[PDB]
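J.: I'd like to ask some things about the structure below.
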Amino acid sequence: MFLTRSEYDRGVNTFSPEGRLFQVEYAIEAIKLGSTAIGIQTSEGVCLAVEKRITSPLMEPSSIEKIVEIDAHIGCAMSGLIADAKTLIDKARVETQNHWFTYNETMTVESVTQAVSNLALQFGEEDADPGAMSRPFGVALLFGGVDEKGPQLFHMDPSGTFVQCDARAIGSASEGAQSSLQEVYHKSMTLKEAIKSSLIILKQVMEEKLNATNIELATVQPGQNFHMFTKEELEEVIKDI
Amino acid sequence: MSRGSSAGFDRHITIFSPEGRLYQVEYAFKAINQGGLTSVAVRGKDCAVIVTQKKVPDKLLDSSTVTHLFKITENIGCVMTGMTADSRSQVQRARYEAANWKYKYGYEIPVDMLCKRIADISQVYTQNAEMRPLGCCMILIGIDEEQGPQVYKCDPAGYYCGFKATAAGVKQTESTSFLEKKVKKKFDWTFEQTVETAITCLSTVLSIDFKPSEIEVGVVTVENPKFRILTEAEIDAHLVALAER
Amino acid sequence: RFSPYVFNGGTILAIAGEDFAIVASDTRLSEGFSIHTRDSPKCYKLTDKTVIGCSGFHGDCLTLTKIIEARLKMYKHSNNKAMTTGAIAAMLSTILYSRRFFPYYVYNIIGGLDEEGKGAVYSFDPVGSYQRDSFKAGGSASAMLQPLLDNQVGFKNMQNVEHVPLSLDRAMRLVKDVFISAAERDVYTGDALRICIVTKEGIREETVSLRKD
Amino acid sequence: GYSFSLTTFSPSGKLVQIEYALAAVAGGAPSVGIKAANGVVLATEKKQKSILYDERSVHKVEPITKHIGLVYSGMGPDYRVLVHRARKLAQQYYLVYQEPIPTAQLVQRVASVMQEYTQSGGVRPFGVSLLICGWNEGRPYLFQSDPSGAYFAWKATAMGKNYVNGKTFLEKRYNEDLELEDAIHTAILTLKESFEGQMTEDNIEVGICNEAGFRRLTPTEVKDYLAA
Amino acid sequence: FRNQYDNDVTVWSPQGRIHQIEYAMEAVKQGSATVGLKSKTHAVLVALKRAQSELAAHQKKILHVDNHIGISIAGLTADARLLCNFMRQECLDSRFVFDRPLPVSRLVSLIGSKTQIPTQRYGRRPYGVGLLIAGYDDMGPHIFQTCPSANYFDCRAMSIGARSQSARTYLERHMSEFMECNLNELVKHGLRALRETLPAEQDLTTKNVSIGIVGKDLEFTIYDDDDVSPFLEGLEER
Amino acid sequence: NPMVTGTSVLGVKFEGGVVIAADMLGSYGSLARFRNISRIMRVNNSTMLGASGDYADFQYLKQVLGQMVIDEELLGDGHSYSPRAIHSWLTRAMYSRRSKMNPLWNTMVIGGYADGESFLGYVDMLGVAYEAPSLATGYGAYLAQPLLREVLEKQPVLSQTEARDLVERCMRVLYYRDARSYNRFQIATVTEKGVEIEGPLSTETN
Amino acid sequence: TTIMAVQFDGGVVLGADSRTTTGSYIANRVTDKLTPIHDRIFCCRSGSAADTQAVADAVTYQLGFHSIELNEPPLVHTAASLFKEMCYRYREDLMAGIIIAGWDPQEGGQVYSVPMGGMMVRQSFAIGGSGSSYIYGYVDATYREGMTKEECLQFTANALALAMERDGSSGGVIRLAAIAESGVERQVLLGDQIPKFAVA
Amino acid sequence: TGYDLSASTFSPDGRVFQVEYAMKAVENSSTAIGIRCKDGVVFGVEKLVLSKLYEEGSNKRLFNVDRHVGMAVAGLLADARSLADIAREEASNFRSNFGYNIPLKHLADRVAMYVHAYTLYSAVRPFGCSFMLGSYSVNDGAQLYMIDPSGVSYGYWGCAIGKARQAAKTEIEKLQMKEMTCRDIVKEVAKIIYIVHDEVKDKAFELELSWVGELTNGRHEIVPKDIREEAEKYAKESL
Amino acid sequence: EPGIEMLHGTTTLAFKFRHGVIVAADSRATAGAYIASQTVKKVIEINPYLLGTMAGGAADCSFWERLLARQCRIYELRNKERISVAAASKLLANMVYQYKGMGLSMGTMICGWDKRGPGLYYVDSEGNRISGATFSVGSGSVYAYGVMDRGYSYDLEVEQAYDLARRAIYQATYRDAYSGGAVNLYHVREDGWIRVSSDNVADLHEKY
């Protein structure tokens, strides 16, 4: 056979040869430009750490809110295109509140990730103005939470798929982090043990050296709600290398 | 938003040529002759008659269900040339059109006005980007009030005119030549030395003598203004009269 | 003209215990001054642990209970778990208020257990302002029923008497007796009695006969 | 390329698509409009190739009001649509304002309506140019509508085939001094100059507009003038 | 001569062929294996979860639809979940109006119609999902596959996804003994069938088998991890 | 608001089947404007429907219900709307029409026999619905219903003729003591043999 | 406002008065109360002018396209149904006087009928409008089966004359239509010709 | 080639290539025949069975568009099912708006115009199947129609569509269909199905049959099993 | 009643002395002449920052204030800091301004101690949104205003403020036939409101 003309992705939602859509796997490793983020899901709770890769000293680090919480017991970690990532976040928040007042309890983490996945996938209605992107989201998401599961972790890829994963790493160095983490992971892990191992692997993976400003982490445990670590907490954690 | 027009002069109708000639219109015109059928329309002072082949290259077919003379009103009828499906649709379109006319103005639509409206509908196709021109030409007959019979023919281009006698189809140039020759000299055409001349035209231009199974003829008369179609019980007798000369 | 609402009558009663939540309603379904049927229950099982009781315009009752069933299935599908009783009550509040400008002419009481294992009864108004309660009657004869329930379950206006918790057998006897007493002054009560006993091991049904007049 | 869209200008900021429409107009039928101190005459060629055609089932110059006449040079159906709907516009103007539209606001209407087609995409420009004869407060008006949406008022102009030589012929043969009756004759002379096909009675449709309002000329009258 | 026609669902190849549909076909067969035989007493869905990632519970391959309907997905989870929403919506609607479980033979037609609809309009894609259907109704258990071409089929058994041709061969060779069996022998048949799809070096474990059952009085019940252990138990090795 | 109505439809369960009655009558108020109209539909071979109230809405129901049932037939799958299903659908349609303040001014009585079970349900203009061994509408509800219940309490299980004669007598009473009553009517029996409409019959009593 | 139609074997006979009232004043005393919907299908609008005239004309609009499409004579039942739903849809604002009567090739002659609001009856004879209330007894006592066209005409004339005498909202002349195999026979009995059933 | 990218585009030679392609898709699909006799019309399909795993009676292709009219299909099955639904809705609307059964001569035109309407918009590609509409009515006998993907609607005394259309046409030309009943003609239909079938490359088909006629009182019905099996017996005997 | 009267308002209370705001309300749904309940809490724990109040209509108050709770938690997430009292009053007033003249009967008071300190606003069905130092709404609001006006003092000590609230609520329910039940006291101290007690009028009468 001879190579000839072919329209490749003229239409969004064009199936590739061997049936494998374009924009979806274009965005999958458009992600790989994203910062490395680590999430560990142990019985004692979950931890969400991520590099902020400060480009220049002229920013104060406080601005880059790489980590937010969908709700008091649902913290979120993101990497890649922050732009529409915040719209993803805002939908997650409004959905959580919708469940909360309509149904007087805390919306469970699994349903949150499932609804967020529902938000994606709406690519091609170029004629229809309402409800559009015509572009897949280009951001990967990590959800931590506590409920009648307690500790939970969900990884989302820009394809509307997710898993009840635990100890799941995403970013530019995602594969190296995942490989090292596999051999590092322990089935029964204490809380700072996850903090410690995850921080060591972060120090090991990222380009720049590691300090308080370089990264941040947050945790939720069955004890109480979302906590975002402050500076002095980061020094008193990284004291021990 | 939509798939859009293919980039090219002949690729799509909307783009003008360097001389602003619409290619897709010509493509429609020389798309009319698909199906091989060629029709002829002539009119006298009393009647307007349209005649065409009845190609039946299969006798699994029923002669009744295959046709090209479609009554539009009890007073006004038409003939089709081109592909079958677009002819289907425009017959529907004009039936609806004239019915709406009568409903909204209270009197039967004149032949010329129906032709004009159909021409407008055909024209608006040549304006848009995912319209395809309806590749078929449609011819009218009828008696209006005083002008006796009229013959009208729109086209995919939207051009139409009133014809003392006209034709459309494959052998259209030769039909027009013979029509000009006949019309210049002999022009009474009461009813028998009338359009029967156009049957002579069609036979001469096309083939040997026809026997009526291949011929489909509909008429309207000034003294009896129904759109009504003769049969081999009728057309046969006409053509035996024509064969003898 | 056309009246879209009509009063089908009926009475619904709920009592909350420690390991139980009795729901109580008769089956005298009427309209105007004529008995339609003697055997239309007004208490429906929703889940293994939650039982609803509805009274009033019976068409609204049917529409509401069917849409509640639909939403139960929806929640089950969406969250992979049985919907909690408190969630049921909140959902009923919002769904009832959704018709704020065309109210469901229905009084509702929810019988069920919490997920702490205790009994809990939610009372409602035709628009959806609910509140947890230890006991509640709804419907036409709820006026006759309520003071006695206050007197016995609530021990209101008693003096120098031990406030023993209400046991299952005592509650059963009390609800039987209160409907027997209601049957002789209210016109919309009688012909039967449906009693649902929601426990920790499932739901069992009980029924007796009342005055058939 | 850069000549397929109607929506992008050329690298020289120069609309090829409108120019193609202009060339199509040039390829149309000859047409002449002569203003005069007491009226305006419009003349144009009937190209019924076969005598089987009827001149007068359809027409080339179309009235719009008592005092409005239109003639074109291009593809017929576009002209017929534009006439049909300029009629809508004028009928509006009389409905809203109890007085027939002056010719100017009509050519405003028409210029706007064709221009919007040029600037829409997906719709081809109206491949035909128009001529307008009018009579306002009793004084003649003469407008030419350019398919680009441009509209120009002329003392006298000619369009269609070989219209450059027609305009040159008019240049050395017209004056503001003229009247209607001789204007008819000189316009016929202009068409004869570039007729290619030996005028008969039955090749030109003629329309005039004076105080008594616009009205055609019957073929009897065309013969009647051509007698001398 | 295969130049243009491999872009748009609204474009026919000069071959009586639509490239996009076949690409979505390949998409479906890049899924994972699952098997759907049935007996007189029951209809069963057996699917293998994505045992390719690590420290990550695999995707849920069987999706509850109704009291009497159970489905499995072996394609893009995206369109799968989207269609399951409509599944549940119509089942609830039928229960709301006619107050009865929805028959399978009509729900599958609904799926076919909706999945066919985007195939015609521009700017749309086929639903790239490999879907298997299990349900029980008046006329008993039923099994259906709906390829993304909106073409459903009725089966006593069949497998869709990667390596599923091995299971299809197994079902060809053992379709005869399927109609009359207990629950356990039926599940053993399905487990063996799904097993042959696996690479010879990979064996099924409790973590990646997802049996689901529906029957006469037995409403559709999906069997997750360790719970399935008795079902896996008693199964001989290859 | 109602225009042209049929006063009453009967209904009674019995062993293996159900029979109902309704008269040949449509009143334009106090005028017996139409005397040969039948207010009974054989919905299918197992379910059958009678209606009371504005006859226009009953005709519209005839049209739409027939369309749905023939659609089911065209499907030809094996499934069929059991009488309970028709009851539910009718209830839902009437309720929805109420919720738009455009009521269908009718009051139906669904009769159906499936699975060796005799089903008898009742729906009115406001979506109110239930089942009962015997049913009545209009002043039928205040007149024939008491006699039906009286017979049913002493004898809950009826044979064919025992119930048919009871229906005959009760509607004779209706003819006596009802303004919008007529002497001609139908009797429709639903059973294993299907639905069967017999008439016109007359009270013709001495 | 005393439209009435009678069905007989192989054809039908219609009948109506000619008086459109505005209350107690007659706007038109020669009103052509018979509308020919088609070549062989008539009707009788009654109840108020505009809402009936417009609907009838619209029904003529429809069924004309529909008969050209089928290329067969329009079936009477088809006209009945069409002009049924056309009323039923707008049954909340429209009045009406449908008594549609006509002949078809297949099923002899029909008189379908319904007052405003929509429904279907194919009865032997149809009466509508004001004077029908007064003419019920006469028609019921007189109508028989199998009566031919001439006595149908006489019966119709007599009934309409009785309505003419007793009704005060109907009057003028009696228009008649005899639809059959060959065609319609519209005649106008007036003056002396109309039945004179004197008072004594 | 070249200038044939979309539906709403004419060739240099004036041909709609991207409906010729949908047409050629029919020759890639199984055959489907239909014959009209004195009493009624009978259909017959060469349903190729892809594998033994399918339930007998799967992929039914003798759709029931209304009580007195059937549908035999050939082409994209999804296309066929969508068209069948369109036909059902058209018949339903006809009944609702006029009260009597839709004539086949009108229903066929109504569906054909819809099919045609799907051939002149660049937004949508043309449909990829062709189908039969056979019906009977003692009022006007029995009628049969063929609908190409382009929308050309013609009634046939007997038609055939599929990968082996021409052979079936030749076979049918040898029958005086105007003067048999349904009973005798079923024998011929099964004979033709078995004769035309291509067992060497496309083995293991399964015959599926239906008719409509006065013998069913004008009700399109699947063939009774006894007649079906004896007809298959006779067709095998003809081999 | 065709199911829709829901209340007409019974005896609310709120003022803002120099140790934060205290609020008080009774508990007696008055279905026409028959009491619906004696134990309807009317102080609404919108969040650990801000307290509502039910009066005028039970269902409307409850629903709209719950919706407000959703909205304000959304605000606190998006802005990362707690919403002010004035902003919450604005949100409620804008939300209830639509559905003007459709039967709404809200009488809420938003109470909280935000960055500007004490916060107290009157928000009702017909759109009034006014701050102030003293408020009460409901049928018994007049009696409450009497006792309150004669008790209020911005410098009043906390426990005496509790006494004032109890006295006012008790007198108002003592005169009103439509107010009754158990009294509820909520103090909005420094950040985080604190529940005071839920005492009964019958016992109060002995205490008085």
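We label chains A, B, ... in the order they appear in the structure tokens, count residues from 1 in each chain, and number ligands from 1 in the order shown.
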Name the residues in contact with residue 213 (chain E) at a cut-off of 8 Å, using only C-alpha atoms, excluding same-chain residues fewer than 2 positions from it; report them as a CSV table (one decimal) with N, CA and C atoms, in the first residue's frame.

T.:
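Result file part-v8.csv:
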```
chain,number,residue,atom,x,y,z
E,42,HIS,N,-30.4,-19.0,34.2
E,42,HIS,CA,-29.7,-17.7,34.5
E,42,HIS,C,-29.0,-17.2,33.3
E,43,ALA,N,-28.7,-16.0,33.3
E,43,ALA,CA,-27.8,-15.3,32.4
E,43,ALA,C,-26.6,-14.8,33.2
E,44,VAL,N,-25.4,-15.0,32.7
E,44,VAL,CA,-24.2,-14.7,33.4
E,44,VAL,C,-23.3,-13.8,32.6
E,45,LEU,N,-22.7,-12.8,33.3
E,45,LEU,CA,-21.6,-12.0,32.7
E,45,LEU,C,-20.3,-12.2,33.5
E,211,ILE,N,-17.6,-11.8,38.1
E,211,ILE,CA,-18.8,-12.5,37.8
E,211,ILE,C,-20.1,-11.7,38.2
E,215,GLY,N,-31.3,-14.0,37.5
E,215,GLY,CA,-32.1,-15.2,37.2
E,215,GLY,C,-33.6,-15.0,37.6
E,218,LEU,N,-33.6,-14.4,41.2
E,218,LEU,CA,-32.3,-13.8,41.5
E,218,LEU,C,-32.2,-12.5,40.7
E,219,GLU,N,-32.3,-11.3,41.3
E,219,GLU,CA,-32.1,-10.1,40.7
E,219,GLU,C,-30.6,-9.9,40.3
E,220,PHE,N,-30.3,-9.0,39.4
E,220,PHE,CA,-29.0,-8.8,38.9
E,220,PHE,C,-28.0,-8.5,40.1
E,221,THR,N,-27.1,-9.4,40.4
E,221,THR,CA,-26.1,-9.2,41.5
E,221,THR,C,-24.8,-9.3,40.9
E,222,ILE,N,-23.9,-8.2,41.1
E,222,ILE,CA,-22.6,-8.1,40.6
E,222,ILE,C,-21.6,-8.6,41.8
```

J.: Could you write out as a list in words the residues of chain A within 12 Å of chain H, counting only C-alpha atoms?

T.: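 Contact residues on the first chain: residues 5, 7 and 127 of chain A.
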
J.: Apply DSSP to the backbone of this structure and, from region 13-91 of chain C, keep only the residues in helix (DSSP H, G or I); write these as a short mmCIF file (atom, residue, chain, number, x, y, z; two decimals) with C-alpha atoms, in the first residue's frame.

T.:
```cif
data_model
loop_
_atom_site.label_atom_id
_atom_site.label_comp_id
_atom_site.auth_asym_id
_atom_site.auth_seq_id
_atom_site.Cartn_x
_atom_site.Cartn_y
_atom_site.Cartn_z
CA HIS C 58 -54.26 10.14 46.64
CA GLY C 59 -53.18 10.98 43.09
CA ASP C 60 -50.39 13.11 44.49
CA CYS C 61 -49.62 10.20 46.82
CA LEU C 62 -49.10 7.84 43.88
CA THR C 63 -47.04 10.31 41.87
CA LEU C 64 -44.86 11.14 44.86
CA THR C 65 -44.23 7.54 45.85
CA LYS C 66 -43.35 6.51 42.30
CA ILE C 67 -40.95 9.41 41.84
CA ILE C 68 -39.43 8.57 45.23
CA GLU C 69 -38.86 5.01 44.03
CA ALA C 70 -37.24 6.39 40.89
CA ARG C 71 -34.91 8.64 42.87
CA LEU C 72 -34.00 5.73 45.15
CA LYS C 73 -32.92 3.70 42.15
CA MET C 74 -31.04 6.72 40.82
CA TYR C 75 -29.13 7.24 44.06
CA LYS C 76 -28.34 3.53 44.31
CA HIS C 77 -26.88 3.57 40.81
CA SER C 78 -24.94 6.78 41.33
CA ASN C 79 -23.37 5.99 44.71
CA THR C 85 -32.99 7.54 55.94
CA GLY C 86 -31.93 11.11 56.67
CA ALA C 87 -30.95 11.48 53.04
CA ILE C 88 -34.41 10.19 52.16
CA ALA C 89 -36.00 12.89 54.29
CA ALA C 90 -33.90 15.68 52.80
CA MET C 91 -34.61 14.46 49.27
#
```

J.: Give me the residues near residue 98 (chain G) as a list in words, where near means some atom within 8 Å (using only C-alpha atoms) and where sequence neighbours in that chain fewer than 6 positions away do not count.

T.: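 Neighbouring residues, sequence-local ones excluded: residues 43, 44, 45, 46, 83, 113, 114, 115 and 116 of chain G.
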
J.: Grab the CA of residue 193 (chain I) to CA of residue 50 (chain I) distance for me, in Å with one decimal place.

T.: 7.1 Å

J.: Using CA of residue 7 (chain G) and CA of residue 94 (chain G) as the two end points, give the distance in Å to one decimal.

T.: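 Taking CA of residue 7 (chain G) as the start and CA of residue 94 (chain G) as the end point, the length is 27.0 Å.
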
J.: Which is closer to chain H than all the others in F:90, F:148, F:69, F:129, using only C-alpha atoms?

T.: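 Among the listed residues, the smallest separation from chain H belongs to F:69.
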
J.: Give me the residues of chain E that have any atom at most 7 Å from an atom of chain F; for each, the nearest atom pair and the distance in Å, rounded to one decimal. Use only C-alpha atoms, sort by chain and number, and format it as JSON lines.

T.:
```
{"residue": "E:97", "atom": "CA", "partner": "F:89", "partner_atom": "CA", "distance": 5.3}
{"residue": "E:98", "atom": "CA", "partner": "F:85", "partner_atom": "CA", "distance": 4.7}
{"residue": "E:99", "atom": "CA", "partner": "F:88", "partner_atom": "CA", "distance": 6.3}
```

J.: Once you have the residues from the selection above, write them out as a PDB file, in the first residue's frame, restricted to C-alpha atoms.

T.:
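To be explicit, this is the file written out as out.pdb:
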```pdb
ATOM      1  CA  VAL E  97     -45.038   4.891  33.324  1.00  0.00           C
ATOM      2  CA  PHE E  98     -45.955   1.236  32.848  1.00  0.00           C
ATOM      3  CA  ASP E  99     -44.851   0.201  36.358  1.00  0.00           C
TER       4      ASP E  99
END
```

J.: Near residue 86 (chain D), counting only C-alpha atoms, which residues have an atom at most 12 Å away, once you skip same-chain residues fewer than 5 positions from it, shown as an mmCIF file with N, CA, C and O atoms, in the first residue's frame?

T.:
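File written: part_9.cif
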```cif
data_model
loop_
_atom_site.group_PDB
_atom_site.id
_atom_site.type_symbol
_atom_site.label_atom_id
_atom_site.label_comp_id
_atom_site.auth_asym_id
_atom_site.auth_seq_id
_atom_site.Cartn_x
_atom_site.Cartn_y
_atom_site.Cartn_z
ATOM 1 N N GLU D 62 -38.178 45.354 -14.953
ATOM 2 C CA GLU D 62 -39.279 45.108 -14.038
ATOM 3 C C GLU D 62 -39.691 46.383 -13.331
ATOM 4 O O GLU D 62 -38.837 47.077 -12.766
ATOM 5 N N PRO D 63 -40.972 46.723 -13.335
ATOM 6 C CA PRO D 63 -41.444 47.835 -12.513
ATOM 7 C C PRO D 63 -41.500 47.450 -11.047
ATOM 8 O O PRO D 63 -41.684 46.285 -10.687
ATOM 9 N N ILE D 64 -41.339 48.459 -10.194
ATOM 10 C CA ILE D 64 -41.364 48.290 -8.747
ATOM 11 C C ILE D 64 -42.453 49.140 -8.107
ATOM 12 O O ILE D 64 -43.159 48.689 -7.202
ATOM 13 N N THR D 65 -42.587 50.387 -8.548
ATOM 14 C CA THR D 65 -43.658 51.261 -8.092
ATOM 15 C C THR D 65 -44.266 51.943 -9.302
ATOM 16 O O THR D 65 -44.062 51.501 -10.437
ATOM 17 N N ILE D 68 -40.689 53.431 -10.677
ATOM 18 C CA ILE D 68 -39.421 52.735 -10.480
ATOM 19 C C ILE D 68 -39.262 51.664 -11.547
ATOM 20 O O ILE D 68 -40.182 50.871 -11.781
ATOM 21 N N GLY D 69 -38.096 51.626 -12.171
ATOM 22 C CA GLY D 69 -37.773 50.603 -13.154
ATOM 23 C C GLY D 69 -36.390 50.031 -12.912
ATOM 24 O O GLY D 69 -35.452 50.769 -12.605
ATOM 25 N N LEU D 70 -36.273 48.715 -13.055
ATOM 26 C CA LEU D 70 -35.028 47.999 -12.830
ATOM 27 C C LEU D 70 -34.621 47.225 -14.070
ATOM 28 O O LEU D 70 -35.462 46.627 -14.746
ATOM 29 N N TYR D 79 -31.310 38.545 -10.575
ATOM 30 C CA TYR D 79 -32.106 39.743 -10.794
ATOM 31 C C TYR D 79 -33.547 39.539 -10.371
ATOM 32 O O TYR D 79 -34.162 40.442 -9.798
ATOM 33 N N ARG D 80 -34.119 38.379 -10.674
ATOM 34 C CA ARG D 80 -35.528 38.204 -10.354
ATOM 35 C C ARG D 80 -35.729 38.197 -8.846
ATOM 36 O O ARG D 80 -36.667 38.816 -8.330
ATOM 37 N N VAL D 81 -34.823 37.540 -8.119
ATOM 38 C CA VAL D 81 -34.926 37.537 -6.663
ATOM 39 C C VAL D 81 -34.796 38.949 -6.121
ATOM 40 O O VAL D 81 -35.575 39.383 -5.253
ATOM 41 N N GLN D 91 -42.282 48.314 -0.325
ATOM 42 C CA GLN D 91 -43.630 48.210 0.188
ATOM 43 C C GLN D 91 -43.658 48.495 1.679
ATOM 44 O O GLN D 91 -44.576 49.171 2.156
ATOM 45 N N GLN D 92 -42.666 47.989 2.419
ATOM 46 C CA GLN D 92 -42.383 48.527 3.744
ATOM 47 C C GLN D 92 -42.421 50.042 3.740
ATOM 48 O O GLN D 92 -43.277 50.650 4.388
ATOM 49 N N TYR D 93 -41.532 50.668 2.970
ATOM 50 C CA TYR D 93 -41.386 52.117 3.086
ATOM 51 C C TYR D 93 -42.712 52.832 2.906
ATOM 52 O O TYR D 93 -42.966 53.839 3.573
ATOM 53 N N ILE D 101 -41.622 55.440 -1.810
ATOM 54 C CA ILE D 101 -40.210 55.604 -1.457
ATOM 55 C C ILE D 101 -39.510 56.434 -2.519
ATOM 56 O O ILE D 101 -39.741 56.225 -3.726
ATOM 57 N N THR D 103 -36.275 57.160 -4.774
ATOM 58 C CA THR D 103 -35.433 56.131 -5.374
ATOM 59 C C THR D 103 -34.161 55.919 -4.570
ATOM 60 O O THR D 103 -33.627 54.801 -4.510
ATOM 61 N N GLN D 105 -33.547 55.965 -1.247
ATOM 62 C CA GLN D 105 -33.617 55.045 -0.119
ATOM 63 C C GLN D 105 -33.865 53.621 -0.594
ATOM 64 O O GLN D 105 -33.478 52.661 0.080
ATOM 65 N N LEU D 106 -34.452 53.463 -1.780
ATOM 66 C CA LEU D 106 -34.520 52.138 -2.380
ATOM 67 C C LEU D 106 -33.129 51.612 -2.710
ATOM 68 O O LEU D 106 -32.825 50.439 -2.466
ATOM 69 N N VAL D 107 -32.269 52.454 -3.286
ATOM 70 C CA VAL D 107 -30.957 51.921 -3.639
ATOM 71 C C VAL D 107 -30.093 51.743 -2.392
ATOM 72 O O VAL D 107 -29.237 50.859 -2.355
ATOM 73 N N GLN D 108 -30.330 52.533 -1.344
ATOM 74 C CA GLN D 108 -29.811 52.196 -0.018
ATOM 75 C C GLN D 108 -30.238 50.797 0.401
ATOM 76 O O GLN D 108 -29.400 49.967 0.789
ATOM 77 N N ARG D 109 -31.544 50.515 0.322
ATOM 78 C CA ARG D 109 -32.045 49.194 0.681
ATOM 79 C C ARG D 109 -31.282 48.115 -0.070
ATOM 80 O O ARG D 109 -30.715 47.191 0.529
ATOM 81 N N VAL D 110 -31.239 48.248 -1.394
ATOM 82 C CA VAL D 110 -30.718 47.186 -2.239
ATOM 83 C C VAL D 110 -29.222 47.026 -2.035
ATOM 84 O O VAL D 110 -28.710 45.904 -1.955
ATOM 85 N N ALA D 111 -28.492 48.138 -1.964
ATOM 86 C CA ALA D 111 -27.062 48.063 -1.729
ATOM 87 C C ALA D 111 -26.773 47.336 -0.431
ATOM 88 O O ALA D 111 -25.910 46.449 -0.387
ATOM 89 N N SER D 112 -27.505 47.674 0.631
ATOM 90 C CA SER D 112 -27.304 46.976 1.892
ATOM 91 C C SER D 112 -27.563 45.486 1.732
ATOM 92 O O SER D 112 -26.777 44.649 2.205
ATOM 93 N N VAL D 113 -28.657 45.128 1.055
ATOM 94 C CA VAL D 113 -29.060 43.725 1.055
ATOM 95 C C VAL D 113 -28.072 42.885 0.256
ATOM 96 O O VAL D 113 -27.779 41.742 0.624
ATOM 97 N N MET D 114 -27.533 43.421 -0.843
ATOM 98 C CA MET D 114 -26.546 42.610 -1.554
ATOM 99 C C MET D 114 -25.229 42.573 -0.799
ATOM 100 O O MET D 114 -24.577 41.524 -0.733
ATOM 101 N N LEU D 130 -27.251 46.280 -11.152
ATOM 102 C CA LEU D 130 -28.593 46.796 -11.367
ATOM 103 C C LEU D 130 -28.565 48.253 -11.804
ATOM 104 O O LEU D 130 -27.603 48.984 -11.552
ATOM 105 N N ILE D 132 -31.269 51.782 -12.012
ATOM 106 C CA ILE D 132 -32.449 52.341 -11.371
ATOM 107 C C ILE D 132 -32.850 53.616 -12.095
ATOM 108 O O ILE D 132 -32.015 54.501 -12.308
#
```

J.: Give me the residues near region 144-153 of chain D as JSON, numbers by chain, where near means some atom within 12 Å (using only C-alpha atoms) and where sequence neighbours in that chain fewer than 6 positions away do not count.

T.: {"D": [6, 15, 16, 17, 18, 19, 20, 21, 22, 23, 24, 25, 26, 31, 32, 33, 34, 35, 42, 69, 70, 71, 72, 73, 74, 78, 79, 82, 103, 104, 105, 106, 107, 108, 109, 110, 111, 112, 113, 114, 115, 116, 117, 118, 119, 124, 125, 126, 127, 128, 129, 130, 131, 132, 133, 134, 159]}

J.: Determine which residues of chain F sit within 9 Å of chain C, taking into account only C-alpha atoms, and present them as a PyMOL selection string.

T.: chain F and resi 1+91-92+95+98-99+101+103+126-132+135+141-142
